[PDB]
Amino acid sequence: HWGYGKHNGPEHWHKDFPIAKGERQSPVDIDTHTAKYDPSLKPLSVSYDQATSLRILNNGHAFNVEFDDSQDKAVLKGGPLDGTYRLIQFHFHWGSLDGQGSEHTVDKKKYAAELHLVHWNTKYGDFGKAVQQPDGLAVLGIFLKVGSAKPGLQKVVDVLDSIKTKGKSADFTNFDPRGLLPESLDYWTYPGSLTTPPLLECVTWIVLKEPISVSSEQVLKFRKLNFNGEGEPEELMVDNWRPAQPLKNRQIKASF
Ligand SMILES: Cc1cc(C)[n+](CCc2c[nH]cn2)c(C)c1
Ligand SMILES: [Hg+2]
Ligand SMILES: [Zn+2]
């Protein structure tokens, strides 16, 4: 099945998932000089105070921190969005080296990692129905650079020993995603897709301009994760990113 290697990687995905070559695929390069400030974007609203994390899963391509989305507790609204989108999970993409890892690029610049906070449009009832809709998902993308440690990331870094291999999961209640945001909520927005198979073009992408910085020793522990399952040849979890895809007519809007 699909992966990130020479034989199952992003350039093989189209065979099984033809939308790989579609009209609104992600990620893309954010040309800062082509992006246009949009006066009609309302302010962004990130309400993560009542957030109920539940568990962390190594799913063999990344790790997911999952939230109880049965109520409006952690939500995105405002900005390019109409109505309410609930937080279901977050996860990251990162590299083997600091000079690569992000999925979106800013003027062809690759950051060391990329955080995705995934939300679904409540008027669709569940996550599964929202992924069948062009306005179904809203993803908040946040870049990571290496520098000083990110305090709000450390509880995640500490649990990764317990989820080394594909299929393992640990209990991860009372985690606050507020600790993963940068200071500023400036953002580029565009219409797009899931960046992993099945690559559904159901996403409103909100990519923040200001990266968070993380320690070298925080990313190092990300890099110790395995793609494989327990008792298999060790395959390190690195370079789990899709490269930038063609923009194709689409327009990236700036909030600032
Ligand atoms: C990065 C990413 C995040 C999520 C929630 N998903 C799940 C989407 C999905 C498709 N069919 C059922 N769920 C995928 C495939 C990728
Ligand atoms: Hg869709
Ligand atoms: Zn992602």
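If you read the sequence from its start, that first residue is 1, and numbering goes on from there.
- Minimum heavy-atom separation, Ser102 to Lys109: OG-O, 4.4 Å.
- A donor-acceptor pair under 3.5 Å links the side-chain atoms of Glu232 to the main chain of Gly229, judged by distance alone.
- A donor-acceptor pair is defined here as one N or O able to donate and one able to accept, closer than 3.5 Å; no such pair exists between the side chain of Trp13 and the backbone of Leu199.
- Atoms OH and CG, on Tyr4 and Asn240 in that order, are 5.5 Å from each other to the nearest 0.5 Å.
- Electrostatic pairing of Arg242 and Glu103 does not count as a salt bridge here, judged by no charged N lying under 4.0 Å from a carboxylate O.
- Expressed to the nearest 0.5 Å, how far NE2 of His93 lies from NE2 of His104 amounts to 9.5 Å.
- Not counting sequence neighbours, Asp16 has no partner by the side chain to side chain donor-acceptor pair (under 3.5 Å) test.
- Across every non-hydrogen atom of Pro211 and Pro182, the tightest pair is O-CB, 4.0 Å.
- The CZ atom of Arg55 lies 4.0 Å from the OG atom of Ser169; values are rounded to the nearest 0.5 Å.
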### Message
Go through it in stages, so that I can follow the logic: the residues are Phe63 and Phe222, the test is ring pair (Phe, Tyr, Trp, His ring centres under 6.0 Å), and I'd like the CA-CA distance, side-chain angles, deciding distance and then a yes or no.
### Response
CA-CA 9 Å; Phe63 64 87; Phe222 271 31; 5.3 Å; yes
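- In this structure, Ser53 contributes its side chain and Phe175 its backbone to a donor-acceptor pair below 3.5 Å.
- Within a 6.0 Å radius of CG in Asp49, more than 12 heavy atoms belonging to other residues, nucleotides or ligands are found.
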task: Evaluate the criterion side chain to side chain contact (heavy atoms under 4.5 Å, CB included) for residue pair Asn228 and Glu235; output intermediate values, then yes/no.
output: CA-CA 6 Å; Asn228 52 284; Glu235 217 175 313; 3.3 Å; yes
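- With hydrogens and angles disregarded, no donor-acceptor distance shorter than 3.5 Å links the side chain of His61 to the backbone of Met237.
- When every heavy atom of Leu117 is checked against every heavy atom of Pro177, the shortest pair comes out as CD2-CB, 4.4 Å.
- No more than 12 heavy atoms of other residues, nucleotides or ligands lie within 6.0 Å of NZ in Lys36, so this atom counts as exposed by the packing criterion.
- Chaining together hydrophobic side chains whose heavy atoms lie under 4.5 Å apart places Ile88 alongside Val28, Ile30, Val106, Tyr111, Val118, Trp120, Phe127, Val131, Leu137, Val139, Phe143, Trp188, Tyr190, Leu194, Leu200, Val203, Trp205, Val207, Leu247, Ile252, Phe256.
- Dense packing is recorded around CG of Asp107, with more than 12 heavy atoms of other residues, nucleotides or ligands lying under 6.0 Å away.
- Between the side chain of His7 and the backbone N or O of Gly5, no donor-acceptor pair lies under 3.5 Å.
- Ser215 contributes no side-chain N or O that, together with a main-chain N or O of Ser148, makes up a donor-acceptor pair within less than 3.5 Å.
- Here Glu234 pairs with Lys164 in a salt bridge; the nearest charged N to carboxylate O distance falls below 4.0 Å.
- Listed for the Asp239 side chain is a donor-acceptor partner under 3.5 Å among the backbone atoms of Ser96.
- A donor-acceptor pair under 3.5 Å is formed between the side chain of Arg250 and the backbone N or O of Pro191.
- Between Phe90 and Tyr48, the ring centre distance reaches or exceeds 6.0 Å.
- Ion pairing of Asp98 with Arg223 is present here, as a side-chain N (NZ or NE/NH1/NH2) and a carboxylate O approach within less than 4.0 Å.
- With sequence neighbours left out, the side chain to side chain donor-acceptor pair (under 3.5 Å) criterion links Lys221 to no other residue.
- Between the side chain of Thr105 and the backbone N or O of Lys110 there is no donor-acceptor pair closer than 3.5 Å.
- Side-chain contact, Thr165 with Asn226: no donor N or O sits under 3.5 Å from an acceptor N or O.
- The hydrophobic side chain of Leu54 is isolated, with no ILVMFWY side chain under 4.5 Å apart from it.
- Residue-environment remark: CG (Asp82) stays at or below the threshold of 12 foreign heavy atoms within 6.0 Å.
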Exercise for the section: Walk me through it: do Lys73 and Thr52 pass the test side chain to side chain donor-acceptor pair (under 3.5 Å)? Expected result: CA-CA 7 Å; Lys73 274 143 142 210; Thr52 312; 3.1 Å; yes
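- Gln25 CD to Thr195 OG1: the interatomic distance, rounded to the nearest 0.5 Å, is 9.5 Å.
- For the salt bridge (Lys or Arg N to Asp or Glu O under 4.0 Å) condition, the pairs that include at least one residue of residues 183-211, sequence neighbours left out, are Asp186-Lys209.
- For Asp126, the salt bridge (charged side-chain N to carboxylate O under 4.0 Å, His left out) test picks out no residue, with sequence neighbours left out.
- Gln89 contributes atom CD, which lies 10.0 Å from atom CG of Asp69 (distance to the nearest 0.5 angstrom).
- In the hydrophobic clustering of this structure, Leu144 groups with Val219; members are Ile, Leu, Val, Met, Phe, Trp, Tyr whose side-chain heavy atoms approach within less than 4.5 Å, directly or through other members.
- The main-chain N or O of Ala130 is never found under 3.5 Å from a side-chain atom of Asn121 such that the two would form a donor-acceptor pair.
- Taking a 6.0 Å sphere around NZ of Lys150, one finds it holds more than 12 heavy atoms contributed by other residues, nucleotides or ligands.
- Of all heavy-atom pairs spanning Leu57 and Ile163, the tightest one is C-CD1, 4.2 Å.
- Heavy atoms only, all atoms of each residue included: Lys15 and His12 are closest at NZ-ND1, 2.9 Å.
- Closest non-hydrogen pair, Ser26 versus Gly192, comes out as OG-CA, 3.4 Å.
- The distance from atom OH of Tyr85 to atom OG1 of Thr122, rounded to the nearest 0.5 Å, is 9.0 Å.
- Between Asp176 and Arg178 there is a salt bridge, with a side-chain nitrogen of the basic residue lying less than 4.0 Å from a carboxylate oxygen of the acidic one.
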